[PDB]
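Q: Just coords-v4.pdb, nothing more (PDB, C-alpha atoms (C1' of nucleotides)):
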```
MODEL        1
ATOM      1  CA  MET D   1     100.563 111.198 134.104
ATOM      2  CA  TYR D   2     103.699 111.200 131.946
ATOM      3  CA  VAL D   3     103.749 113.067 128.628
ATOM      4  CA  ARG D   4     106.397 113.585 125.939
ATOM      5  CA  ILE D   5     106.297 116.164 123.132
ATOM      6  CA  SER D   6     108.614 116.407 120.126
ATOM      7  CA  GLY D   7     108.385 118.335 116.883
ATOM      8  CA  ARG D   8     109.595 121.158 114.670
ATOM      9  CA  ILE D   9     108.989 124.910 114.857
ATOM     10  CA  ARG D  10     109.540 127.493 112.139
ATOM     11  CA  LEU D  11     111.347 130.510 113.543
ATOM     12  CA  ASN D  12     112.827 133.539 111.786
ATOM     13  CA  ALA D  13     114.281 136.856 112.982
ATOM     14  CA  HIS D  14     114.862 135.759 116.581
ATOM     15  CA  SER D  15     117.544 137.033 118.957
ATOM     16  CA  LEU D  16     116.796 134.414 121.609
ATOM     17  CA  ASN D  17     119.375 133.461 124.261
ATOM     18  CA  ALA D  18     122.237 135.755 123.310
ATOM     19  CA  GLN D  19     125.742 135.616 124.817
ATOM     20  CA  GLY D  20     126.981 139.136 125.512
ATOM     21  CA  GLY D  21     125.698 141.495 128.155
ATOM     22  CA  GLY D  22     123.474 144.514 127.736
ATOM     23  CA  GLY D  23     126.212 147.092 128.262
ATOM     24  CA  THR D  24     128.672 145.356 125.938
ATOM     25  CA  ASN D  25     128.552 146.269 122.259
ATOM     26  CA  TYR D  26     127.828 143.598 119.629
ATOM     27  CA  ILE D  27     125.658 141.251 121.656
ATOM     28  CA  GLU D  28     126.283 137.805 120.168
ATOM     29  CA  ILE D  29     123.867 134.876 119.918
ATOM     30  CA  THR D  30     124.708 131.464 121.358
ATOM     31  CA  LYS D  31     126.233 128.817 119.096
ATOM     32  CA  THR D  32     126.359 125.035 119.412
ATOM     33  CA  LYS D  33     127.955 122.243 117.391
ATOM     34  CA  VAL D  34     125.959 119.477 115.692
ATOM     35  CA  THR D  35     126.934 116.418 113.652
ATOM     36  CA  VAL D  36     125.457 115.787 110.191
ATOM     37  CA  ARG D  37     126.100 113.675 107.078
ATOM     38  CA  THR D  38     126.506 116.029 104.081
ATOM     39  CA  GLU D  39     126.446 113.004 101.712
ATOM     40  CA  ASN D  40     129.747 111.808 103.222
ATOM     41  CA  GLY D  41     131.179 110.960 106.631
ATOM     42  CA  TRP D  42     130.252 112.769 109.825
ATOM     43  CA  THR D  43     130.903 116.520 109.891
ATOM     44  CA  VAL D  44     130.340 119.028 112.700
ATOM     45  CA  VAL D  45     128.858 122.472 112.055
ATOM     46  CA  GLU D  46     128.242 125.420 114.374
ATOM     47  CA  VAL D  47     124.664 126.728 114.400
ATOM     48  CA  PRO D  48     122.619 129.107 116.593
ATOM     49  CA  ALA D  49     120.734 127.394 119.395
ATOM     50  CA  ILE D  50     118.602 127.984 122.483
ATOM     51  CA  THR D  51     119.727 126.283 125.683
ATOM     52  CA  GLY D  52     117.469 124.016 127.704
ATOM     53  CA  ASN D  53     117.767 126.283 130.740
ATOM     54  CA  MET D  54     115.915 129.034 128.865
ATOM     55  CA  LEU D  55     113.092 126.645 127.943
ATOM     56  CA  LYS D  56     112.877 125.318 131.504
ATOM     57  CA  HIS D  57     112.709 128.833 132.950
ATOM     58  CA  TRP D  58     109.948 129.893 130.573
ATOM     59  CA  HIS D  59     108.039 126.721 131.431
ATOM     60  CA  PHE D  60     108.414 127.797 135.062
ATOM     61  CA  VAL D  61     107.067 131.249 134.159
ATOM     62  CA  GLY D  62     104.058 129.769 132.375
ATOM     63  CA  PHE D  63     103.348 127.345 135.215
ATOM     64  CA  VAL D  64     103.440 130.163 137.776
ATOM     65  CA  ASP D  65     101.147 132.285 135.597
ATOM     66  CA  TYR D  66      98.597 129.491 135.208
ATOM     67  CA  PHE D  67      98.817 128.404 138.863
ATOM     68  CA  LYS D  68      98.302 131.890 140.316
ATOM     69  CA  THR D  69      94.651 131.977 139.224
ATOM     70  CA  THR D  70      93.830 128.631 140.863
ATOM     71  CA  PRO D  71      92.299 128.619 144.369
ATOM     72  CA  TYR D  72      95.506 126.986 145.661
ATOM     73  CA  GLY D  73      97.655 129.816 144.274
ATOM     74  CA  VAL D  74      98.693 130.922 147.765
ATOM     75  CA  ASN D  75     100.906 127.810 148.059
ATOM     76  CA  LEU D  76     103.801 129.375 146.173
ATOM     77  CA  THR D  77     107.173 130.950 146.874
ATOM     78  CA  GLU D  78     107.492 134.729 146.945
ATOM     79  CA  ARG D  79     110.330 134.434 144.418
ATOM     80  CA  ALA D  80     107.973 132.652 142.008
ATOM     81  CA  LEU D  81     105.745 135.733 141.788
ATOM     82  CA  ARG D  82     108.859 137.641 140.678
ATOM     83  CA  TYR D  83     109.709 134.881 138.158
ATOM     84  CA  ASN D  84     112.870 134.275 140.190
ATOM     85  CA  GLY D  85     114.230 130.795 139.541
ATOM     86  CA  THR D  86     116.802 130.809 142.345
ATOM     87  CA  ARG D  87     115.253 128.079 144.500
ATOM     88  CA  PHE D  88     116.975 127.934 147.904
ATOM     89  CA  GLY D  89     120.412 129.283 147.066
ATOM     90  CA  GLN D  90     123.582 128.744 149.087
ATOM     91  CA  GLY D  91     123.466 130.039 152.646
ATOM     92  CA  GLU D  92     119.805 130.065 153.703
ATOM     93  CA  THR D  93     117.665 127.795 155.869
ATOM     94  CA  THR D  94     114.131 129.243 155.603
ATOM     95  CA  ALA D  95     112.020 130.499 152.706
ATOM     96  CA  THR D  96     109.093 132.896 152.347
ATOM     97  CA  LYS D  97     105.669 131.924 151.013
ATOM     98  CA  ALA D  98     103.559 134.060 148.688
ATOM     99  CA  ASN D  99     101.438 135.341 151.596
ATOM    100  CA  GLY D 100     104.501 136.043 153.762
ATOM    101  CA  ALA D 101     104.423 132.897 155.903
ATOM    102  CA  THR D 102     107.818 131.355 156.616
ATOM    103  CA  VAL D 103     108.683 127.751 155.758
ATOM    104  CA  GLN D 104     111.589 125.732 157.153
ATOM    105  CA  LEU D 105     113.728 123.703 154.737
ATOM    106  CA  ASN D 106     114.166 120.703 157.031
ATOM    107  CA  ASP D 107     112.065 118.013 155.320
ATOM    108  CA  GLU D 108     110.957 117.587 151.718
ATOM    109  CA  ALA D 109     107.350 116.717 152.600
ATOM    110  CA  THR D 110     106.445 120.145 153.990
ATOM    111  CA  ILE D 111     108.477 121.895 151.280
ATOM    112  CA  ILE D 112     106.523 120.202 148.496
TER     113      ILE D 112
ATOM    114  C1'   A V   1     133.768  85.957 139.097
ATOM    115  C1'   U V   2     140.414  87.791 138.936
ATOM    116  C1'   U V   3     144.423  94.282 143.340
ATOM    117  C1'   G V   4     139.114  91.194 143.820
ATOM    118  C1'   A V   5     132.979  91.889 145.603
ATOM    119  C1'   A V   6     128.718  96.793 146.098
ATOM    120  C1'   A V   7     130.048 102.321 144.326
ATOM    121  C1'   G V   8     125.433 108.960 139.264
ATOM    122  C1'   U V   9     131.637 113.732 141.120
ATOM    123  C1'   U V  10     125.265 114.477 141.762
ATOM    124  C1'   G V  11     120.547 117.673 142.737
ATOM    125  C1'   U V  12     118.308 123.697 141.901
ATOM    126  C1'   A V  13     120.333 128.090 138.009
ATOM    127  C1'   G V  14     116.875 133.150 131.644
ATOM    128  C1'   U V  15     124.842 135.333 130.363
ATOM    129  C1'   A V  16     119.326 138.598 131.609
ATOM    130  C1'   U V  17     116.161 143.553 132.212
ATOM    131  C1'   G V  18     115.811 149.367 128.886
ATOM    132  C1'   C V  19     117.760 151.296 123.607
ATOM    133  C1'   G V  20     114.489 155.366 116.575
ATOM    134  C1'   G V  21     121.490 153.595 113.200
ATOM    135  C1'   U V  22     117.995 159.194 114.130
ATOM    136  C1'   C V  23     117.166 164.514 112.770
ATOM    137  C1'   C V  24     117.875 168.721 107.829
ATOM    138  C1'   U V  25     118.485 167.979 101.846
ATOM    139  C1'   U V  26     114.891 170.562  94.373
ATOM    140  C1'   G V  27     119.616 165.172  90.897
ATOM    141  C1'   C V  28     118.075 172.025  90.265
ATOM    142  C1'   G V  29     118.876 176.541  86.989
ATOM    143  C1'   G V  30     119.309 178.207  80.760
ATOM    144  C1'   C V  31     118.065 175.318  75.514
ATOM    145  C1'   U V  32     113.642 176.712  68.106
ATOM    146  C1'   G V  33     115.214 169.046  66.502
ATOM    147  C1'   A V  34     115.730 175.355  63.122
ATOM    148  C1'   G V  35     116.709 177.780  58.501
ATOM    149  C1'   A V  36     116.158 177.175  52.043
ATOM    150  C1'   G V  37     112.407 173.387  48.545
ATOM    151  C1'   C V  38     106.769 173.857  41.932
ATOM    152  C1'   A V  39     105.866 166.001  43.156
ATOM    153  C1'   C V  40     106.979 170.238  38.100
ATOM    154  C1'   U V  41     107.491 170.447  32.439
ATOM    155  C1'   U V  42     104.767 167.958  26.697
ATOM    156  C1'   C V  43      99.369 165.197  25.848
ATOM    157  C1'   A V  44      92.230 165.931  20.786
ATOM    158  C1'   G V  45      88.608 160.585  23.997
ATOM    159  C1'   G V  46      90.087 161.063  18.088
ATOM    160  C1'   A V  47      88.858 159.402  13.150
ATOM    161  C1'   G V  48      84.333 156.921   9.843
ATOM    162  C1'   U V  49      78.300 156.059  10.846
ATOM    163  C1'   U V  50      70.697 157.943   6.872
ATOM    164  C1'   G V  51      66.553 156.077  12.582
ATOM    165  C1'   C V  52      66.890 154.162   6.346
ATOM    166  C1'   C V  53      63.467 151.305   3.223
ATOM    167  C1'   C V  54      57.097 149.455   1.907
ATOM    168  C1'   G V  55      52.212 151.732   3.943
ATOM    169  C1'   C V  56      44.512 154.740   0.825
ATOM    170  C1'   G V  57      41.588 156.538   7.188
ATOM    171  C1'   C V  58      39.896 152.761   3.681
ATOM    172  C1'   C V  59      35.010 150.952   1.416
ATOM    173  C1'   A V  60      28.312 150.798   1.942
ATOM    174  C1'   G V  61      25.959 155.737   4.958
ATOM    175  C1'   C V  62      18.856 160.385   0.616
TER     176        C V  62
ENDMDL
END
```
So, in terms of structure tokens, how does the structure I just supplied come out?
A:
Amino acid sequence: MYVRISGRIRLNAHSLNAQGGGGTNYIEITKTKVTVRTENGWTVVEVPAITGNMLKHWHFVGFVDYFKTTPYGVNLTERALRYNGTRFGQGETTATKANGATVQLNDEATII
RNA sequence: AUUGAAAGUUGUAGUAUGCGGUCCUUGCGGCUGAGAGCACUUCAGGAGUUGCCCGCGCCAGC
């Protein structure tokens, strides 16, 4: 099954996907350039935006939440329960399941 | 079909997690919209005008 969704969302008073850190004063929101008409040739304007990484991570969070309750919820990484998106970072060969069982990252079949 | 023929610089990644622009504060105290002032002074509801003129309580009644 393949599905595609596209639409518009109203959204006001949102500090989503800021730039600066917590300890730094004046946390700034992310900006991105877009190209529009303005009843003449093409012009680029800088507008607030939310990156696709943020959306993908929150989809991951929702999927983990809705897959935990299923009877096959044991088949999950321990990092997933922590909402940790770092899947098999640099410098490791084995991973830990949700129940504590170890899994070897040798073949894709067993991993999936 | 030619320095030629095939050739992903690629796959995973939340610049995040917490945080009262807050606590105290009389736009308050005193202050006559007050004192002097005739809506007064002179004015006939007045002069003239018949409740008039004619009229049997009447004739027959032992």
Q: Go through chain D and flag each residue having an atom no more than 6 Å from chain V; for those, report the closest pair of atoms plus their distance in Å to one decimal, using all atoms listed in the file, ordered by chain and rising number, as a tab-separated table.
A:
```
residue	atom	partner	partner_atom	distance
D:19	CA	V:15	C1'	5.6
D:54	CA	V:14	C1'	5.1
D:87	CA	V:12	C1'	5.9
```
Q: So the first atom is CA of residue 33 in chain D and the second is CA of residue 49 in chain D; what is the distance between them in Å, to one decimal place?
A: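 These atoms are spaced 9.1 Å apart.
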Q: If the PyMOL selection byres ((chain D and resi 37-48) around 12) is run on the structure shown, which residues does it catch, given as a list in words?
A: residues 11, 12, 13, 14, 15, 16, 17, 18, 19, 28, 29, 30, 31, 32, 33, 34, 35, 36, 49, 50 and 51 of chain D
Q: Emit the selected residues as a PDB file, in the frame of the given file, including C-alpha atoms.
A:
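Wrote it out as again_1.pdb, contents follow:
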```pdb
ATOM      1  CA  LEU D  11     111.347 130.510 113.543  1.00  0.00           C
ATOM      2  CA  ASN D  12     112.827 133.539 111.786  1.00  0.00           C
ATOM      3  CA  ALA D  13     114.281 136.856 112.982  1.00  0.00           C
ATOM      4  CA  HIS D  14     114.862 135.759 116.581  1.00  0.00           C
ATOM      5  CA  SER D  15     117.544 137.033 118.957  1.00  0.00           C
ATOM      6  CA  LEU D  16     116.796 134.414 121.609  1.00  0.00           C
ATOM      7  CA  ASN D  17     119.375 133.461 124.261  1.00  0.00           C
ATOM      8  CA  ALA D  18     122.237 135.755 123.310  1.00  0.00           C
ATOM      9  CA  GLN D  19     125.742 135.616 124.817  1.00  0.00           C
ATOM     10  CA  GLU D  28     126.283 137.805 120.168  1.00  0.00           C
ATOM     11  CA  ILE D  29     123.867 134.876 119.918  1.00  0.00           C
ATOM     12  CA  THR D  30     124.708 131.464 121.358  1.00  0.00           C
ATOM     13  CA  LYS D  31     126.233 128.817 119.096  1.00  0.00           C
ATOM     14  CA  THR D  32     126.359 125.035 119.412  1.00  0.00           C
ATOM     15  CA  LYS D  33     127.955 122.243 117.391  1.00  0.00           C
ATOM     16  CA  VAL D  34     125.959 119.477 115.692  1.00  0.00           C
ATOM     17  CA  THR D  35     126.934 116.418 113.652  1.00  0.00           C
ATOM     18  CA  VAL D  36     125.457 115.787 110.191  1.00  0.00           C
ATOM     19  CA  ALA D  49     120.734 127.394 119.395  1.00  0.00           C
ATOM     20  CA  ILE D  50     118.602 127.984 122.483  1.00  0.00           C
ATOM     21  CA  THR D  51     119.727 126.283 125.683  1.00  0.00           C
TER      22      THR D  51
END
```
Q: I'd like the interatomic distance between CA of residue 86 in chain D and CA of residue 57 in chain D, to a tenth of an Å.
A: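 Distance between the two atoms: 10.4 Å.
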Q: Do a neighbour search on range 75-84 of chain D at 9 Å with all atoms listed in the file, toss out local chain neighbours closer than 3 positions, and write the hits as a list in words.
A: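 Near range 75-84 of chain D, the qualifying residues are residues 57, 60, 61, 64, 65, 67, 68, 72, 87, 95, 96, 97, 98, 99 and 100 of chain D.
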Q: As AutoDock Vina command-line options, please report the centre and edge lengths, rounded to one decimal in Å, of the axis-aligned box that holds all listed atoms of range 19-30 of chain D with 6 Å of padding on each of the six sides.
A:
```
--center_x 126.1 --center_y 139.3 --center_z 123.9 --size_x 17.2 --size_y 27.6 --size_z 20.6
```
Q: Can you list, as a list in words, the residues that the PyMOL selection byres ((chain D and resi 104) around 7) selects here?
A: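 Selected by the PyMOL selection byres ((chain D and resi 104) around 7) here: residues 93, 94, 95, 102, 103, 105 and 106 of chain D.
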Q: Go ahead and save the picked residues with C-alpha atoms, as a PDB file, keeping the file's coordinate frame.
A:
```
ATOM      1  CA  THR D  93     117.665 127.795 155.869  1.00  0.00           C
ATOM      2  CA  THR D  94     114.131 129.243 155.603  1.00  0.00           C
ATOM      3  CA  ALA D  95     112.020 130.499 152.706  1.00  0.00           C
ATOM      4  CA  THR D 102     107.818 131.355 156.616  1.00  0.00           C
ATOM      5  CA  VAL D 103     108.683 127.751 155.758  1.00  0.00           C
ATOM      6  CA  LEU D 105     113.728 123.703 154.737  1.00  0.00           C
ATOM      7  CA  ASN D 106     114.166 120.703 157.031  1.00  0.00           C
TER       8      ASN D 106
END
```
Q: Any chance you could model N, CA, C and O atoms for range 32-52 of chain D and send them as a tab-separated table (two decimals), keeping the file's coordinate frame?
A:
```tsv
chain	number	residue	atom	x	y	z
D	32	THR	N	126.16	126.40	118.96
D	32	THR	CA	126.36	125.04	119.41
D	32	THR	C	126.72	124.18	118.21
D	32	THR	O	126.29	124.45	117.09
D	33	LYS	N	127.51	123.14	118.45
D	33	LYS	CA	127.96	122.24	117.39
D	33	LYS	C	127.00	121.07	117.25
D	33	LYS	O	126.45	120.57	118.23
D	34	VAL	N	126.78	120.64	116.00
D	34	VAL	CA	125.96	119.48	115.69
D	34	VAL	C	126.66	118.65	114.62
D	34	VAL	O	127.47	119.16	113.85
D	35	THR	N	126.32	117.37	114.57
D	35	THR	CA	126.93	116.42	113.65
D	35	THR	C	125.92	115.99	112.60
D	35	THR	O	124.80	115.59	112.93
D	36	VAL	N	126.32	116.08	111.33
D	36	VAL	CA	125.46	115.79	110.19
D	36	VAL	C	126.24	114.97	109.17
D	36	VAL	O	127.45	114.74	109.32
D	37	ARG	N	125.54	114.54	108.12
D	37	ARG	CA	126.10	113.68	107.08
D	37	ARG	C	126.79	114.46	105.96
D	37	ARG	O	127.98	114.29	105.72
D	38	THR	N	126.04	115.33	105.28
D	38	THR	CA	126.51	116.03	104.08
D	38	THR	C	127.04	115.04	103.04
D	38	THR	O	128.16	115.16	102.55
D	39	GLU	N	126.21	114.04	102.73
D	39	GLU	CA	126.45	113.00	101.71
D	39	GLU	C	127.84	112.39	101.80
D	39	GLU	O	128.35	111.82	100.83
D	40	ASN	N	128.47	112.46	102.97
D	40	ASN	CA	129.75	111.81	103.22
D	40	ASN	C	129.81	111.48	104.71
D	40	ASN	O	128.77	111.43	105.39
D	41	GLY	N	131.01	111.24	105.22
D	41	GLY	CA	131.18	110.96	106.63
D	41	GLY	C	130.71	112.07	107.54
D	41	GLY	O	130.26	113.13	107.08
D	42	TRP	N	130.81	111.84	108.85
D	42	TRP	CA	130.25	112.77	109.82
D	42	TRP	C	131.03	114.08	109.83
D	42	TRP	O	132.26	114.09	109.83
D	43	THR	N	130.30	115.20	109.82
D	43	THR	CA	130.90	116.52	109.89
D	43	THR	C	130.16	117.36	110.92
D	43	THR	O	128.94	117.26	111.05
D	44	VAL	N	130.90	118.19	111.65
D	44	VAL	CA	130.34	119.03	112.70
D	44	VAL	C	130.25	120.46	112.20
D	44	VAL	O	131.19	120.98	111.58
D	45	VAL	N	129.11	121.09	112.46
D	45	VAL	CA	128.86	122.47	112.06
D	45	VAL	C	128.33	123.24	113.25
D	45	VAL	O	127.67	122.68	114.14
D	46	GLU	N	128.61	124.54	113.27
D	46	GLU	CA	128.24	125.42	114.37
D	46	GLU	C	127.02	126.24	113.97
D	46	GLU	O	127.06	126.97	112.98
D	47	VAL	N	125.94	126.11	114.74
D	47	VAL	CA	124.66	126.73	114.40
D	47	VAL	C	124.09	127.44	115.62
D	47	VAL	O	124.40	127.06	116.76
D	48	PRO	N	123.27	128.47	115.44
D	48	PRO	CA	122.62	129.11	116.59
D	48	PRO	C	121.67	128.14	117.29
D	48	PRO	O	121.07	127.27	116.66
D	49	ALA	N	121.54	128.31	118.60
D	49	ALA	CA	120.73	127.39	119.40
D	49	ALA	C	120.19	128.12	120.62
D	49	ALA	O	120.66	129.20	120.99
D	50	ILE	N	119.18	127.51	121.23
D	50	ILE	CA	118.60	127.98	122.48
D	50	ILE	C	118.80	126.89	123.53
D	50	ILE	O	118.41	125.74	123.31
D	51	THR	N	119.40	127.26	124.65
D	51	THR	CA	119.73	126.28	125.68
D	51	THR	C	118.46	125.75	126.35
D	51	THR	O	117.39	126.35	126.27
D	52	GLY	N	118.60	124.60	127.01
D	52	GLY	CA	117.47	124.02	127.70
D	52	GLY	C	117.10	124.76	128.97
D	52	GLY	O	115.96	124.67	129.44
```
